[PDB]
RNA sequence: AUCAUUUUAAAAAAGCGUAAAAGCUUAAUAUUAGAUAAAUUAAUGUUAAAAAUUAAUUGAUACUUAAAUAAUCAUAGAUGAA
Ligand SMILES: [Mg+2]
Ligand SMILES: [Zn+2]
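Below, the structure written as structure tokens:
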């Protein structure tokens, strides 16, 4: 490669730094998929008025904003610049991260729920969010992310993990909540797959499942196949 | 903000250190941009070198490189004729360096060092001529000023300090002992 | 001991043979008809902008009679704007003693320099004049290109007739209008526009012979051979011309600022193609006896009409087989 | 002249190089003498068994000159000898059935290195890793075997 | 930026002049026979080399006409004590010419006469299928050379007919 | 030539030229690719 | 796809630069920094280039001459011409137009002698 | 946070009593309550509330 | 099937080409010259160091997602601009 082979043989020992480094990142990420980073984000903005219509803003390249509130809370609707909105996506953490909005001295927590774009014109129409308050239930989306395990024996060879759900909807009642979920599927098998109640049993005290959204705890996420050769030998014979 | 122009120069610097020296910069941006814009125009009128000492120690958290040079370019013009002044620059220039992460990724080689020796070549006479004239409160700040500056040249002051402690060994304070033991330990670049 | 640029190192530079040395006994005009050189590039390129000249366009004169005179030079304003105010003055719309029921009008009109007419834009070539002549088919269109050269005077007299009120008083008015091609009118006791024949010499910009030698300076020179036609000028040779634009102190540097300016200059040259004068190119002669170019005597009738029995070589004469030369002199 | 008009890959037996008409389709229009050519081939390959098929390249030039160059035999043919099969899998990756052991790979790599001009810069791990990827495409694997095989002479098109 | 280049031949010798005011800049070419000057705006900066007799230009004015300004300036100087040249050929059976004192007689299967007559050119025959023209202006040459071409040009099927000695030729199969 | 309102480039060598209000395509290889817009 | 049938030939208009040379002599000062590398590249184009478009007796060299004022590119043409171009100030583009100022004339000299110094049309198509 | 990786822990030293000396040659920054006579009666009552209160609240501020 | 090596870099190839071969060009890339990389916000008071700084914006250039505005063209009938 970038150095001749004859010199690389002298420096073949050097490449431990290559492999010793990749230990560090990929292990760090693999265990940090779950945790929200502890870093405050802020979004200066302005109130709504009946004067500022859409198309007026959209030559000025501002954007509307919409928030849906929760039990007993009123809705709030705001104005902001487009480039704020895309920068809020451009984090890793966008699916769940808590973003604030400073109008004046006030701050309003939120989450990302979604955005609409005018498809034929392809400019930003609005940026929709969901309120978060500490002492009350709050909808969030906990994605599932499965680690690899070379410790089970069926997972290693000729079998295939099947992630039927990407995430879980829940209700959180406290400040810091987990970004995602991480699973070590060693004890799983063809005989038992994972089911949502196996997760419900293992969560913090501030979290609960939103039964209004899911179907049943007996529903299952991670499924494991049988062996391939045991099919393939039977396929030919 | 209604009476910015009624202030002298240094009575604005006191606001900078009063607010920006701790974690929240309590003031706004515009109120500091005003202070930040006035001062670097009126450097031609700050009388003393201590008045630069207060200044640099307060304005140390600036992200713009362009104005540190204005300060040091000024200090290269105003000669110093005492010894407390030179101490008052090393101890300040130590903590108030311009870090390399704020600097650009592409740059002249080792240009952080060239910012230093403009001072250290401007100081080397005074601190060397009269280092015997030295006392316990002004004593500590040199060992710190040099250790924080990563050099190996300033031995002569230290020899004049070797002779100093042993005489006053008994009359020392609890405070002047640690900084010596901590200073001489890592004198010339952790030797 | 280090890189210092030399001073006196230049070698001889090989001199090539001249056409006299190489092709004697042949037509000198070959190596004397120099390459064409369009002037219109230069005044655009090297930045000559003619000073804005502001001559007279029209004029109003009174007499102790009631009769007023209205005079116009059609080479100075456009055609329409000349023709609007005619219909506004020929009636008496500026005269506050104006009744449109008047059988009499004390307003007279004169026009001069109708050959050269101002028409803003690409209109002298494209626009047309149409009419029909009673018979089927008909519908004859004509170009301004016909009028503006052959008979431009119907045109000025044709556009007036369209702005005037369509009525019976018209003919009495148009009986009191007069047009000329020359720079004069023949009436006496009235003035005449002075024509502008001068043309700006831009000679002070590209010629030392106009300036005095003590104001000038030589910054660079090639040879030790100094012209006698240039004597009395100093020689303060720059160390700076020969430096390319990197080795100088000031470098012009593309940047968000200058590129922003670049785009302003770009629109300027597109915004000026619109303000350009177009001209009717004249008909052409193709007499081979006049041109400096070669030609053909394809047929026989081209001989008699031009009397080209001379330049044709007779048939009673030998020929030339091969004209190679091995040695090239020096 | 010295400029290269064309390059051709071929396959030849060592000492039985002979003006076969099934090679004049390539070297015919280039005006090259098959007889004068094959002479210089068989002369060099007298230290090689005659059953074996090699390959060669020919930088045919603008003046119909030539400069032949010799390379080791086809790497696939060498493994069919050890494997004692003639034809390999349609599919690959999915259908893996054949087996060699490393102790011959270490010996057939030396064949490539001792002769081929391209690998003069190369080490043996390098060469051995080249064929393993060639083995993945074929239905072949590298597994320890104590036993030896018995002789086989898999075909070649010549 | 495009930094256009002005060639100067070797027979020519030049000078560069400015005011004390430095608001005017112009340049002077001078030969045994001729002399010629031209200025430079305040927005055109200049570099010179005696090593190459080449001059380099930047333009803060961003005028695109300069690319034409070059070719005129360059060729107008090489038009002093040097020719331009061109060569013509043909290939065919019933084709020929005859040459008599810059009066070329063409016979290419046409009923009518085909005389070519050169005003202030040079024409010298090197073979039956070849003739060179020479003249100091390039623009009159092509008008002089192409008239010969228009009598017969290359067939797109066979390279039979006349052609310049340097040209893009087209070919198309026919009657395989 | 053939008058295509919607012009189109067939080969890479095709290219556009504008002479006033006139527009067209030309190719240095295939002279059948050339067009006009009318 | 589709087969071309129009064959556009561009062999006769091919005009390379180093074709009328007989020899060359690079000269180098190790004290130049702009006049070294310019001569490095030329020496490649004299040998790395193709020999068809050169003469048969073309031999290019390279020498380190500390005694020179500046690094040079000496050259010799067919019909007698000879020059030198120092390189501490110039570019590779300013050099080529000098070479054209010779190569354009040698044609005007050799064609008059009867020599066809041109290439066949079939050498390079578009 | 990045902060944990570039923070000199302030425990294990009576910092401010130590740290205020090393600057004390800078006179203009030396705080002075009695310089503000109108509020000095108020400001000082606050600091009593700080130290006298439970915990070590002011002492935990920078620490 | 998509492995592997030599290379400063080079696809069991994104395409043209061949009876099959050969041959041509892009991706990836080097030498040389010219040449874009400029402005900022928020943090732990001061002590680690032959040494190392996070989150984030705007803007110049190229690749890329693409849309919008403005002008031009987008054949015309039958007594004569209509
Ligand atoms: Mg490959
Ligand atoms: Zn095409």
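Residue numbers (the deposited numbering), protein chains in the order written: chain A, 26 to 262; chain B, 256 to 446; chain C, 28 to 357; chain D, 1 to 158; chain E, 1 to 176; chain F, 1 to 38; chain G, 59 to 184; chain H, 129 to 191. Idealized CB from N, CA, C, for every residue including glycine.
Decide if residue 77(G) is buried, meaning its Cβ has at least 16 other Cβ atoms within 10 Å, or exposed.
Here residue 77(G) corresponds to residue number 19 of the seventh chain, with the count starting at 1. So residue 77(G) ends up on the buried side.
Helix, strand or coil for residue 414(B)? Go by DSSP, reduced to three states.
As a position in the second chain, residue 414(B) is number 159, starting the count at 1. DSSP places residue 414(B) in helix when its eight states are reduced to three.
Unbroken alpha helix (DSSP H) run spanning residue 139(E), endpoints
Indexing the fifth chain from 1 puts residue 139(E) at position 139. From DSSP, the alpha helix (DSSP H) with residue 139(E) extends over 138-149.
Please list, following the chain, all residues that have a C-beta closer than 7 Å to any non-hydrogen atom of ligand 2.
After applying the 7 Å Cβ criterion, the set is 10(F), 11(F), 13(F), 14(F), 27(F), 29(F), 30(F), 33(F).
What residues in its chain sit with their C-beta under 8 Å from that of residue 54(D), if we drop five residues either side in the sequence?
Looking up residue 54(D) in the fourth chain gives position 54. Excluding residues within five positions, the ones whose Cβ falls inside 8 Å are 11, 12, 13, 14, 45, 48, 70, 71, 72, 73.
Using a beta-carbon distance below 8 Å, is residue 125(G) in contact with chain E?
Residue 125(G) sits at position 67 when you count from the first residue of the seventh chain. No, because no Cβ of chain E sits closer than 8 Å to the Cβ of residue 125(G).
Sort 105(E), 109(E), 104(E) by Cα distance to residue 94(E) and report the nearest one.
What you label residue 94(E) is simply residue 94 of the fifth chain in a count that begins at 1. Of the candidates 105(E), 109(E), 104(E), the one whose C-alpha sits nearest the C-alpha of residue 94(E) is 109(E).
Helix, strand or coil: which one does DSSP assign to residue 66(A)?
Here the question's residue 66(A) lines up with position 41 in the first chain. Coil, per DSSP.
Under the three-state reduction of DSSP, which class applies to residue 289(C): helix, strand or coil?
Working through the third chain from its first residue, we reach residue 289(C) at position 262. If DSSP states are grouped into helix, strand and coil, residue 289(C) belongs with the helices.
Chain G within 8 Å of residue 62(C), Cβ atoms only:
As a working note, residue 62(C) is residue 35 in the third chain. For residue 62(C), the answer is no, since every Cβ of chain G falls outside 8 Å of its Cβ.
What would DSSP say about residue 170(A), mapped onto helix, strand or coil?
Position 145 of the first chain holds residue 170(A). Looking at residue 170(A) - three-state DSSP - the assignment turns out to be strand.
Contacts of residue 123(D) in chain A (Cβ-Cβ under 7 Å)
Walking along the fourth chain from the start, residue 123(D) turns up at place 123. Within 7 Å Cβ-Cβ: 30, 34.
According to the neighbour-count rule (16 or more other Cβ atoms, all chains shown, within 10 Å of its Cβ), is residue 263(B) buried or exposed?
For the purposes of this step, residue 263(B) is identified with residue 8 of the second chain, where counting begins at 1. By the neighbour-count rule (16 or more Cβ atoms within 10 Å), residue 263(B) is not buried but exposed.
Residue 85(G) bridges to which residues according to DSSP?
On the seventh chain, position 27 is the one that residue 85(G) refers to. For residue 85(G), which the question treats as bridged, DSSP gives the partners 121(G).
Would you check if the distance between the CB atom of residue 264(A) and the CB atom of residue 154(A) is smaller than 8 Å?
Outside the shown range of chain A (26 to 262) lies residue 264(A), about which nothing can therefore be said.
Where residue 49(E) meets chain G, residues with beta-carbon distance less than 7 Å
On the fifth chain, residue 49(E) is found 49 positions in, with the first residue counted as 1. Near residue 49(E) (Cβ distances below 7 Å), the residues of chain G are 147, 148, 152.
Can a CB atom of chain C be found closer than 8 Å to the CB of residue 24(E)?
Within the fifth chain, the letter at position 24 stands for residue 24(E). Yes, residue 24(E) counts as interfacial toward chain C.
If we count the other Cβ atoms within 10 Å of its Cβ and call it buried at 16 or more, is residue 91(D) buried or exposed?
Position 91 of the fourth chain, counted from the start, is the residue given in the question as residue 91(D). So residue 91(D) ends up on the exposed side.
Can you name the start and end residues of the alpha helix (DSSP H) that residue 77(D) belongs to?
Position 77 of the fourth chain, counted from the first residue, corresponds to residue 77(D). Segment 75-83, the alpha helix (DSSP H) holding residue 77(D).
Check distances from the C-beta atoms of the segment 307-337 of chain B to those of chain H and list, in chain order, the residues that come in under 9 Å.
308, 309, 312, 313
Is there a Cβ of chain F sitting closer than 8 Å to that of residue 72(G), yes or no?
Working through the seventh chain from its first residue, we reach residue 72(G) at position 14. Not closer than 8 Å to any Cβ of chain F, the Cβ of residue 72(G) fails to qualify, so no.
How many whole angstroms separate the CB atoms of residue 227(C) and residue 78(C), which I take to be in contact at a CB cut-off of 8 Å?
Translated into the one-based positions of the third chain, residue 227(C) becomes position 200. Translated into the one-based positions of the third chain, residue 78(C) becomes position 51. Right, the Cβ-Cβ distance comes to about 7 Å (below 8 Å), so this counts as a contact.
Could you confirm whether any beta carbon from chain A is found closer than 8 Å to the beta carbon of residue 126(D)?
As a first step, residue 126(D) is located in the fourth chain; it is residue number 126 there, counting from the start. At least one chain A Cβ lies under 8 Å of residue 126(D).
Which residue spans inside the segment 261-340 of chain C form an unbroken alpha helix (DSSP H) run of at least 4?
283-300, 328-331
Is residue 90(G) close to chain C? Criterion is C-beta to C-beta, closer than 8 Å.
To locate residue 90(G), count along the seventh chain from 1; it is residue 32. At least one chain C Cβ lies under 8 Å of residue 90(G).
In the DSSP assignment, what residue or residues form a beta bridge with residue 220(A)?
By one-based count along the first chain, residue 220(A) stands at place 195. In the DSSP output, where bridge partners are listed per residue, residue 220(A) has 245(A).
Would you mind stating whether residue 312(B) and residue 154(H) have Cβ atoms separated by less than 8 Å?
For the purposes of this step, residue 312(B) is taken as the residue at position 57 of the second chain. For the purposes of this step, residue 154(H) is taken as the residue at position 26 of the eighth chain. A contact, by the Cβ cut-off of 8 Å.
Contact list for the segment 271-286 of chain C against chain G, Cβ threshold 8 Å
If the cut-off is 8 Å between Cβ atoms, the segment 271-286 of chain C has 271 near chain G.
Can you tell me which of the three DSSP states residue 58(C) falls into?
The count along the third chain starts at 1 and reaches residue 58(C) at position 31. If DSSP states are grouped into helix, strand and coil, residue 58(C) belongs with the helices.
Checking the sheet assignment: what are the DSSP bridge partners for residue 53(D)?
For the purposes of this step, residue 53(D) is identified with residue 53 of the fourth chain, where counting begins at 1. Residue pairing for residue 53(D): DSSP places it in a beta bridge opposite 13(D).
Classify residue 30(E): buried if its beta carbon has 16 or more other beta carbons within 10 angstroms, exposed otherwise.
Against the fifth chain, residue 30(E) aligns to sequence position 30. In the assembly as shown, residue 30(E) is a buried residue. Its beta-carbon has 16 or more other beta-carbons within 10 Å.
Does the CB of residue 54(E) have a neighbour CB from chain G at under 8 Å?
Within the fifth chain, residue 54(E) is the residue found at index 54, counting from 1. Closer than 8 Å: yes.
Among 51(D), 68(D), 139(D), which one has its Cα closest to the Cα of residue 79(D)?
Start at 1 with the first residue of the fourth chain, and residue 79(D) comes out as number 79. Nearest C-alpha to residue 79(D): 139(D).
Are residue 391(B) and residue 349(B) close, meaning C-beta to C-beta below 8 Å?
Residue mapping note: residue 391(B) aligns to position 136 of the second chain, counting from 1. Residue mapping note: residue 349(B) aligns to position 94 of the second chain, counting from 1. Contact: no.
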